[PDB]
Every structure is written in structure tokens, then in C-alpha cells.
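Visitor: Input: one structure, supplied below.
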Amino acid sequence: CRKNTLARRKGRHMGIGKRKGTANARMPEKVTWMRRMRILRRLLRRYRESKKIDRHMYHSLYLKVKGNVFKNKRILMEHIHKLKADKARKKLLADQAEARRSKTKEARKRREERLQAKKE
Amino acid sequence: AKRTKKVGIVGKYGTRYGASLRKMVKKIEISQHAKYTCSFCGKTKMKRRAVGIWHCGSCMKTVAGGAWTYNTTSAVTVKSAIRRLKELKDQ
Amino acid sequence: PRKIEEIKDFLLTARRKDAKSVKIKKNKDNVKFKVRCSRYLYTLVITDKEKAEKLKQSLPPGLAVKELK
Amino acid sequence: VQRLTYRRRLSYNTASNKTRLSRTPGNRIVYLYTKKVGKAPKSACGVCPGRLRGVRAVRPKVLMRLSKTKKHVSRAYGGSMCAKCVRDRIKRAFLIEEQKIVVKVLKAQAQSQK
Amino acid sequence: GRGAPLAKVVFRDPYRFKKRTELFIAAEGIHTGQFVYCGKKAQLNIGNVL
RNA sequence: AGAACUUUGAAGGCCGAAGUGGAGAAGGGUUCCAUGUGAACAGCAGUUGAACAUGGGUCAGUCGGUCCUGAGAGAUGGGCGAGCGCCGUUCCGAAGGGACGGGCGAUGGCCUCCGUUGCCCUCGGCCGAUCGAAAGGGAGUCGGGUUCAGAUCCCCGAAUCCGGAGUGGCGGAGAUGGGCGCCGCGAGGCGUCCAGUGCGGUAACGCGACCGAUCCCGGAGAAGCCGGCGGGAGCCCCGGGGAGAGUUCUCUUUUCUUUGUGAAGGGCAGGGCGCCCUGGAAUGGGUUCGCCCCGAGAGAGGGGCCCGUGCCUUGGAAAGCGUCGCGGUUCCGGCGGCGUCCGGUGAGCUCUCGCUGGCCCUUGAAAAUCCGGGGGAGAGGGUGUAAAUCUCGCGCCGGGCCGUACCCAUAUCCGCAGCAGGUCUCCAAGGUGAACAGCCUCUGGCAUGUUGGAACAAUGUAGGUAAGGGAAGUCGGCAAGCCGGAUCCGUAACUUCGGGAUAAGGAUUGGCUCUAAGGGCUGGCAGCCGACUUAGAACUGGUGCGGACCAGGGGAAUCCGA
RNA sequence: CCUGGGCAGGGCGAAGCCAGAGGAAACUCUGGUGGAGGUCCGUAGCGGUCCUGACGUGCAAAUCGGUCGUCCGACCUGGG
Ligand SMILES: [Mg+2]
Ligand SMILES: [Mg+2]
Ligand SMILES: [Mg+2]
Ligand SMILES: [Mg+2]
Ligand SMILES: [Mg+2]
Ligand SMILES: [Mg+2]
Ligand SMILES: [Mg+2]
Ligand SMILES: [Mg+2]
Ligand SMILES: [Mg+2]
Ligand SMILES: [Mg+2]
Ligand SMILES: [Mg+2]
Ligand SMILES: [Mg+2]
Ligand SMILES: [Mg+2]
Ligand SMILES: [Mg+2]
Ligand SMILES: [Mg+2]
Ligand SMILES: [Mg+2]
Ligand SMILES: [Mg+2]
Ligand SMILES: [Mg+2]
Ligand SMILES: [Mg+2]
Ligand SMILES: [Mg+2]
Ligand SMILES: [Mg+2]
Ligand SMILES: [Mg+2]
Ligand SMILES: [Mg+2]
Ligand SMILES: [Mg+2]
Ligand SMILES: [Mg+2]
Ligand SMILES: [Mg+2]
Ligand SMILES: [Mg+2]
Ligand SMILES: [Mg+2]
Ligand SMILES: [Mg+2]
Ligand SMILES: [Mg+2]
Ligand SMILES: [Mg+2]
Ligand SMILES: [Mg+2]
Ligand SMILES: [Mg+2]
Ligand SMILES: [Mg+2]
Ligand SMILES: [Mg+2]
Ligand SMILES: [Mg+2]
Ligand SMILES: [Mg+2]
Ligand SMILES: [Mg+2]
Ligand SMILES: [Mg+2]
Ligand SMILES: [Mg+2]
Ligand SMILES: [Mg+2]
Ligand SMILES: [Mg+2]
Ligand SMILES: [Mg+2]
Ligand SMILES: [Mg+2]
Ligand SMILES: [Mg+2]
Ligand SMILES: [Mg+2]
Ligand SMILES: [Mg+2]
Ligand SMILES: [Mg+2]
Ligand SMILES: [Zn+2]
């Protein structure tokens, strides 16, 4: 029994012919979905509670994990990296444009102060 | 993904008891299984109790409704006639 | 049974009448004192052999004492 | 691997024969008998359901054992209302009595003006 | 054995201090907590027997 | 005396945890156990038995009946009836014999102080006497040991319930404070008055107790079935140690058994909350396997409560078990040494607890008992003296009656019998396997089912084949045989659009090496630990591979019945 | 009628829900989740189609072996 079980653990005696029940009978689709989605839904908790994802993309990726989109942990983590890089690029461009607009408005208010000082 | 194109909720009955009878049971099974808007707590928690009895989820205010919907059209007509005879010339 | 923590409460139990059995059980790391007063069994467990010896000395003499082995 | 046996002559798996299995000090799996579960008391007739908090949930013949601390709460309407009923009925009694006083003094003003 | 709902309307006894509980046929649109009135000069609403 | 059958050793097998096992309900009534006989009985036999004769055996506050009502059965009032009687169970009834209390009288004990008796006043729906469950409701005993036969009953040890308290058994609450004036260095003492039927937390609520009568209200008792999911136990699995045993032709740190804590009380895990406080969301947010929740208050933080059948602790190692040794003819629940240990994991099986949902012209029981709350009629000592009451910790006394053995069945029941028939339940191991399927093993039972020996004729009853043809036999493919599991392709006519459908028709399936993917726990991207699944590749065997077992022949139509 | 007890594993995948794509709108398409049913194969259980098999002075005054129909229900069953 132990030698046969060690062969099964290595992956032997588990071909096509020695399966006498269906795939859903051997490993259930519901159990596969439960394991898959519980792992993919608590990795988001370990990201959100520590550092990684914010409040608003957490709910979007939560619903996107509830839908059958993300197959496993590797491509889930890679898609989180892609969204984090895209958000960093968008906020960098927004900070540059806001700095340009802020320096323009500050220069305009200071020039209004210059013209007010020249008038009085 | 839309799976059933005509039977809707009646696909649990499958192939038995006639297209017209399944079509006539379809609308009233939708009526008995639909959640209705509660007029008291403002929520959508009107769950169907036994026949004639409707039961809102929050605030536990059980109401005596119709047998398959929340308000029968005949019952609304009766309520309108009762309030009309109420405020008609002070009885 | 009940577990008396303090020493004064256990010795007050020993002073209290309608108690007919005291059993001293030596153990490999401590020692247990048993009073069978009436329908309850009161235990004082203690880990100091000097305190056990002085409690055996201060035990009231009008009462039976049985040492378990 | 040690198949075990009933101890009473109740061979049928009824509600009173609701059991468990424990281990003796003599290293033998024994088939011990469990008292049925006791539910806590609930509130009085109309509030959202839920058992009242702070009551030792036992059988009513164990309520003879239970003393007058683990059966009620020190509040008025203690072991009967879940205190949401208390904080609603106090305000309801107060407001309806004050509105009856308002209606009575308005009718007294009607008596004075008529 | 009855498709019509039963209603459990509690009253108050004017002669002895005791709340009496009766069993009405539940009219349409009544809800728990509604003050169901009963008598001769009761105002005409749904639920009031007169 | 006598052995195919009795008993023991050993070998080989069967039952294989949905049993040929361990126990019960109904039923049997001594069949249970020991000793003796073998003329009866057991379909042969017995030295044997459930046969016969003799003698034993059933121990209960905490197991059940007893109590309660359920469907129902039933008597009085009443009505009917020639009549034994019949109807009916709230109807056409003067259908309660009880009580908080007050007054008056009398008796009795230690006539102060209490306990009784009678009369009067006052209060008090019964859903109507009563029966009806050894599976419904129903408080409370568990661990070890003992006999040839008993076991939760007997012995030891450890607990719990229900009643009892009058001269009211002992403690602890109620209980002991504040103000004023005088004396005194102060500590303290004296005199007067007043309070005191408990406290704490903002809360949900908590404690050692917390005055409560007629009356009223509420809860428990008191709930259907089916899905999911999570916690806990038991059993199984793996890694290591310790004790004994098995094999050693060669290998194997190998293989097998065991490795414990009852009820009860305290503490702590764990699970749950439709329980509270702060606080206010929108760029909507939090969570499920599925849902669901949120301004009638989400997230977050801090609390409170319930079950705690899990762990530790008194019980509790002194018993129990494993192993080695030593004394007594025997009697001693002998005597001694060592151990009775660390972990991990789970679509694992069973039981249990909890959350949530679905189903309904099905709403899935009553009563006995017990508790809480609202009311404040009443009771209590009135002060440096202590009560009225206690649902608190103790202590004392009692728990009457009946049943308790055994079979519970291919041999203790019924069927005329030791009859392939029938009869209601709990417990369930390892492997292959989806499986409580089928097959083989373990614990535990058994002698093959009312006979043995010799030979293997016809006919028969069950089972298997057969060259070539494939239904030509036959009323008819009757019987038998083919496909049968799983994975990947592909699926028609018709139709109520749901199906037909596992339609039909094909390919692969073994063994051994690999490869890839699917996780958790630790840190201010790195390291450790284990689960069994899927896919692909190479190599190899006599084309063999669901290798046994498990197990749909299919298609075209007609009539009838949805 | 009351009161209890019981039914291994798989196949089909309704409502509802999530995500993506198309569309101006109505809404439609795809992939999951979900577990509905007087639903299918099939065990115990319950009945008994065929062999008109075995018996047919039998095990039996109706039983046995294969082959069977159904097995969440208009399901089976004990006691009163
Ligand atoms: Mg699915
Ligand atoms: Mg019972
Ligand atoms: Mg064998
Ligand atoms: Mg059996
Ligand atoms: Mg003999
Ligand atoms: Mg004979
Ligand atoms: Mg005998
Ligand atoms: Mg005899
Ligand atoms: Mg006893
Ligand atoms: Mg009893
Ligand atoms: Mg009669
Ligand atoms: Mg008469
Ligand atoms: Mg009775
Ligand atoms: Mg016995
Ligand atoms: Mg015993
Ligand atoms: Mg007592
Ligand atoms: Mg479970
Ligand atoms: Mg577990
Ligand atoms: Mg315990
Ligand atoms: Mg017995
Ligand atoms: Mg028989
Ligand atoms: Mg016969
Ligand atoms: Mg039989
Ligand atoms: Mg197995
Ligand atoms: Mg397996
Ligand atoms: Mg089983
Ligand atoms: Mg026989
Ligand atoms: Mg025979
Ligand atoms: Mg023989
Ligand atoms: Mg041939
Ligand atoms: Mg041939
Ligand atoms: Mg041919
Ligand atoms: Mg031909
Ligand atoms: Mg012909
Ligand atoms: Mg045939
Ligand atoms: Mg052939
Ligand atoms: Mg077809
Ligand atoms: Mg078929
Ligand atoms: Mg038909
Ligand atoms: Mg069916
Ligand atoms: Mg079919
Ligand atoms: Mg069958
Ligand atoms: Mg038959
Ligand atoms: Mg037959
Ligand atoms: Mg025949
Ligand atoms: Mg014959
Ligand atoms: Mg079949
Ligand atoms: Mg079927
Ligand atoms: Zn509502």
C-alpha cells in the first residue's frame, strides 16, 4: 500500500485507463472553484490590508475575480502589477500637468499683484 | 449567458404538462418568486410566506397580500372604493 | 471535586468539623492533600516539601491521616 | 475500529436518544448520553427575532438550579425584552401620554373659547 | 386546509383585566401592528368590522 | 467401551464492517449457567445439544414504566330506548370543597411565644371526571473491578437531582452610614436626629445573595424536508521515539498491536450574534461556494453576551494498559522496575454544533412542568440594637412499587419442524475503486447449513466454449451473446424548443522515467513546509492495456396510453 | 389520523448572480457561479416483466436463480 501510494504521489498508475469515474466525480468542479477563488480572494486581502492595492481597485478586481477572468495567482499578481504601473504613470502625468497649471496660476496671481502695485 | 430562450423558470419542469400550461404558470411563478418593494421599511425584502401571506425581511412587519402577487388589481380597486365611500359625504 | 488554592483556607477546612478523611499523596514533583468532608473532595496541591512538612505538623491531631503508599 | 453499543434499551435513533462518544480512563471508547440543547428565551411578540442576551440557555427544569443572576438582566423588563423593546416602549409611552395631554389641553382651550 | 390567511387580533376586555385573543379572517392589505377597530360607530376602513 | 461429527494444537478456507460480528424493541418463558445420564428426542451419531434429572441465576433516587397529553376512547348532567343498554363530551348542568387576607370563638405545645379547629366576609371560566406512547414531552451516574450465570443496579471511588426544616442547624448578604453638641493631645468614647428591602459599567451587561400576594403578560417545553459551507470529536493516513512479536535464501533504521483520562466545578482556546459605543460613506463600499448588508448606519477601532461535547487543572494514577522479574498449594480487585511520548495533513467517512438558502393552493402537534417580567396590596427592627427575606456557600435526613437472565435468529419469534419464507433498529476498519457497488484482507465469528465413503454411465439442474454460415429454427431474436467504465472529437429526423442524447459513429487507455501548472507560513523582493489532481513528452512489452471485478446493443417505423 | 425511523455514488444543469463583447436604444452573444426536478443510470429498501428456468408428495398450502421496474418521492416502514 505504501509503495503504491508513493507511486501515485510521484504520478504513476494514474493514467486514462485506470480512471473509472468522471472528472467531476474525481475532483469536483465546485471544490476546484472554491479553492481557486478563496486563494484569489484572500491574496487581495493580504495586498489591501498591507500596502499594495487601494480601496477602489480592490472592489473592481474583486468582482473581476468573482467573474471567471483570472485563472491563477501568477496572472492575478501580474495583472495587479500592470494596473499598479498604469496608475503610477497616470498619476505621474497628472502631477506634471497639475504642477504646470499651479505654477501658471501662481505666476498669474503674482503678475496681478505686480499690476496692482504699479497702479497703487 | 442566456441558456433558456422560451421556458425561463419553467425549465425545471422540462418536457411535461403542455406549452400553454407552462406559459401560464411562468408569469405567476415569477410573481411568487419576485422580491417586492416593502412599503414600510422602503427595502426590497418582501419574501413570500405561505399563500396569502407576504413577509418583509427587515422590520418583520407581516402583511396579508394576494395569493401570487403583492397587490391584486381587484384589491386595489376595492381599496380605492373603500376610501371613496369613506370620504363620500361623511358616511 | 474542588481545588483549594490557598493554605489558610485548606487548614480552615481541616479545622472544620464533619470531615472524616485526609489523604496525603506524594508525587514526583509536588504533593497533594485530600479532605473528604461531606460529598465533596477538597484538594490542596503544593510543590514545597518544607511547606508540606509544616502543614503535616500543623494538621489537627483529632483527625485520621492516610499516606498513599 | 472498535464498534460500540447502546447502553440503554432505546434501540431507535430518536430525539431523546441524542448521544456522543467519549473515552474512558480505562482506554475504551464509551457511548455517552447527551442532554438535548436548550435555547435562550426570546423577546415579547413582535420585534425582530433573536434570543435575549445574558440568560443561561438551559432547560426549564434546569431553571430551578439557575439562580437569580443568570436568568434575567438587571434592567426593567430584564428577561423579557431585548432592551430595544424597552428603549422603544419608554419613548412610545412618553410621547403618547404627552400627546394626550396636548389634546386634552387643546380641548380645554376649546371649552374656554366656546 | 385553508388558502385564506388567518389573523390573530388581540383585544382588551373592558370588564376584567385580561387581554383576550381572537382569530379573524385576514382581510386584504392588513399588516401586523395595524389598529383593527371593531364596533358600531367604527370608521369605515379595511379591516374594521362594523 | 466405542470418534467422519466432542474438545484442544496446527494447517487450509468462508462470512469481509449494507457480516455467518457486538447489542436492543415485539415475541418466547428458563431456553441463561454448572454438574451427571445417553432408552426417548436431534430425521446417521454423539463422549454432544436449545433433550433429560439435580442445583443456581435477574439487586436501581439519577435505565425504563409510573407523570403528561396526541389521534382517539370514555362516565356523570341530559336525551333516546320494550330492554341488556345506546347517543354525546360541552352540549339542555346549582358540574370549584380551594385560597392571600381580616374579624369572632375555642382547643393544644415551653398558653410569653406559636401551632391547630369552626363561622362570616373577600378572591378564584372548567375550555370539564378519567384513560390513552417501554420510539413523543419528561429534572438528575459516571470511571474501574467482580461471577460458571449480574451490571450505569453489586464492591471501591468520584458526583448530581427532587422533597424536609417547627424551639425557625452554621456562616454570608439585608449590616451597619451621615450630620450636630460634649469630653479627650490624638486615636476614640458619650447624647440626640436622620437614612439604609445591594452595587458597578455611558452602554450591550456583570457579581456570592438582592422582600414580594391575589392578578396579568411573555418565553421555554414546541418543531417539516432538501441543498450548500464552517468549527469540534471519533475512526483512517503520514513522519519520529518507546515496549513486545513476525521474516532474514538476499535486501529491508523493515512489518504487525498498543501508546489513556468519565460525570461534575474553574480557567483558556474555538465557533456564533438580527448585541452596544465612537464614527459617517458616493470615485460607492464590505464580505459568500452561492448569496447577501449598508443613512432604519457600511468599512474601521473598542466592547458585551451565548455554546464551549475541544485543551489544562481537583477527580487522575493510588486505579487501567503494555513489557520484564519476584513471592504465596491456595485465599490477596498480590509485590517491584520502566513506559504509557512529539508533530503534520485532509474534495477523507460517521456523529454533532452553528450560519445561510431553496421548496409549499403541503406551513409541518398538544399537554404536564418550570422560569422571567409588569404591577406594590402587604411585612419588617427602628438603632449604637438587630430584623422581615435569601433563587448564595455549607451541613443533616429520605427517595416507596414494578421490569432487569438469555435468543433477538439460515437453531430460543411466527409459519404443525433446528423449514432457501417473514419480522423493527444502533455501531461500522484496510486496499483497488466515484461509490455503504463488486473482489481480496483485519477485529470478531463459522464448519458449508437435518449425512459420510467409492466411481465419474444415460438423463437432468447450474456454468463455459466451439471451425464455416449468421435467425435459414421458431407463432415470434425465447434464451444466450455483442456495446458496456473513463478522457477527447462529433452528434440526425422531429419537437411543447425543455428535449431527443450516454443519439448514432470514431481514437486513446498498461508499465517505467521525466517536464509544466494549480498553495500555505515567516521580512523590512527572500527563506522553510507539505495535498492529490490535470496536461504533455520519451522509452518499453508477443497490439497488450476498464486486462479480474464493476457494466446501456443500436437504428427506422405503426397502434395504444400524455 | 397521531407519533417515531430510513433512503451509497454518479449524469442532465432551471431561476437567480458575476465578468467580458456588441448596440443609439430595446436588448442580444460568450465564459463562469448556482443546484432546480412528481429528472436519468444505479445500491440498500419496495414490488414482481421474462426465462412461461428450478422445484411442482418442493425450502415453501406461492419459494428460489438470473434477468428485472422504481429509488426525494403520488417513497418505504414500526407502534398507538
Ligand atoms: Mg456546477
Ligand atoms: Mg421516551
Ligand atoms: Mg482466504
Ligand atoms: Mg447483523
Ligand atoms: Mg456430559
Ligand atoms: Mg439421530
Ligand atoms: Mg444452554
Ligand atoms: Mg427441560
Ligand atoms: Mg448507589
Ligand atoms: Mg426514570
Ligand atoms: Mg358512550
Ligand atoms: Mg343517566
Ligand atoms: Mg396517563
Ligand atoms: Mg449479561
Ligand atoms: Mg462497568
Ligand atoms: Mg435541596
Ligand atoms: Mg461536516
Ligand atoms: Mg477535526
Ligand atoms: Mg468537563
Ligand atoms: Mg440483558
Ligand atoms: Mg429460517
Ligand atoms: Mg407450514
Ligand atoms: Mg430470512
Ligand atoms: Mg475502504
Ligand atoms: Mg481511493
Ligand atoms: Mg453506515
Ligand atoms: Mg439449519
Ligand atoms: Mg437441505
Ligand atoms: Mg456431515
Ligand atoms: Mg460457431
Ligand atoms: Mg465461428
Ligand atoms: Mg453477420
Ligand atoms: Mg435477412
Ligand atoms: Mg411465423
Ligand atoms: Mg432476452
Ligand atoms: Mg462469445
Ligand atoms: Mg431515441
Ligand atoms: Mg432502463
Ligand atoms: Mg401509462
Ligand atoms: Mg424520478
Ligand atoms: Mg432515456
Ligand atoms: Mg434493483
Ligand atoms: Mg412477489
Ligand atoms: Mg420472483
Ligand atoms: Mg415456470
Ligand atoms: Mg420434479
Ligand atoms: Mg436494474
Ligand atoms: Mg430511475
Ligand atoms: Zn419592511
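Protein sequence lines correspond, in order, to chains AR, Ap, Ak, Ag and AA.
Here the first sequence stands for residues 63 to 182, where the numbers follow the entry's author numbering.
Here the second sequence stands for residues 2 to 92, where the numbers follow the entry's author numbering.
Here the third sequence stands for residues 2 to 70, where the numbers follow the entry's author numbering.
Here the fourth sequence stands for residues 2 to 115, where the numbers follow the entry's author numbering.
Here the fifth sequence stands for residues 53 to 102, where the numbers follow the entry's author numbering.
Where a beta carbon is used, it is the ideal one built from N, C-alpha and C, also for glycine.
Pull up the DSSP beta-bridge partners for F34 (chain Ak), would you.
Guide: DSSP output for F34 (chain Ak) lists Ak:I25 and Ak:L45 as bridge partner(s).
Visitor: In terms of residue numbering, what span does the alpha helix (DSSP H) encompassing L11 (chain Ag) cover?
Guide: Note, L11 (chain Ag): premise wrong, no alpha helix (DSSP H); not H, not E.
Visitor: To the nearest angstrom, report how far apart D116 (chain AR) and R97 (chain AR) are at their CA atoms.
Guide: Answer to the nearest angstrom: the Cα atoms are 25 Å apart.
Visitor: Taking a cut of 8 Å between CB atoms, which residues from the region 26 to 60 of chain Ap lie near chain AA?
Guide: Taking 8 Å as the Cβ-Cβ cut-off against chain AA, the residues of the region 26 to 60 of chain Ap that qualify are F41, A51, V52, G53 and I54.
Visitor: Using three-state DSSP, classify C90 (chain AA) as helix, strand or coil.
Guide: Correct three-state label for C90 (chain AA): strand.
Visitor: Determine whether the Cβ of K90 (chain Ap) lies closer than 9 Å to any Cβ atom of chain AA.
Guide: Chain AA, which has no Cβ nearer than 9 Å to the Cβ of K90 (chain Ap), makes this no.
Visitor: So for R4 (chain Ap), helix, strand or coil by DSSP?
Guide: The answer is coil: DSSP assigns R4 (chain Ap) none of H, G, I, E or B.
Visitor: For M119 (chain AR), report the span of its alpha helix (DSSP H) as first-last.
Guide: First-last of the alpha helix (DSSP H) with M119 (chain AR): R117 to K128.
Visitor: Residues in the same chain with beta-carbon distance under 8 Å from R70 (chain AR), minus the five sequence neighbours each way, listed in chain order, please.
Guide: Result list for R70 (chain AR): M76, in chain order.
Visitor: Any beta carbon from chain Ap within less than 9 Å of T84 (chain AA)'s own beta carbon?
Guide: Closer than 9 Å: yes.
Visitor: Taking C-beta pairs closer than 8 Å, name the residues in chain Ap that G55 (chain AA) reaches, listed in chain order.
Guide: Correct list: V52, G53 and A68.
Visitor: For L53 (chain Ag), count the other beta carbons within 10 Å of its own beta carbon; 16 or more makes it buried, fewer makes it exposed. Which is it?
Guide: Classification of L53 (chain Ag): buried, given that the 10 Å Cβ count is 16 or more.
Visitor: Report yes or no: do the region 100 to 109 of chain AR and the region 122 to 138 of chain AR share at least 3 C-beta pairs separated by less than 8 Å?
Guide: Short answer: they touch.
Visitor: The beta strand (DSSP E) that contains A51 (chain Ap), what's its start and end?
Guide: From DSSP, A51 (chain Ap) is part of no beta strand (DSSP E); its letter is neither H nor E.
Visitor: In whole angstroms, give me the CA-to-CA distance for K146 (chain AR) and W95 (chain AR).
Guide: Those two C-alpha atoms are separated by around 27 Å.
Visitor: Take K19 (chain Ag) and list the residues in its own chain whose beta-carbon comes closer than 7 Å to its own, dropping the five residues that flank it on each side.
Guide: Closer than 7 Å at Cβ, skipping near neighbours: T35 and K37.
Visitor: Report the neighbours of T63 (chain Ap) on chain AA: residues whose CB is nearer than 8 Å to its CB, in chain order.
Guide: Neighbours of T63 (chain Ap) on chain AA, chain order: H83 and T84.
Visitor: Spell out the partners DSSP gives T20 (chain Ag) in its beta bridges.
Guide: Answer is Ag:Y34.
Visitor: Between the Cα of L22 (chain Ag) and those of Ag:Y32, Ag:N14, Ag:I91 and Ag:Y13, spot the shortest distance and give me the residue it belongs to.
Guide: The residue with the shortest Cα to Cα distance from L22 (chain Ag) is Ag:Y32.
Visitor: In angstroms with no decimal places, state the Cα-to-Cα distance between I77 (chain AA) and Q100 (chain Ag).
Guide: Straight-line Cα distance between these residues: approximately 33 Å.
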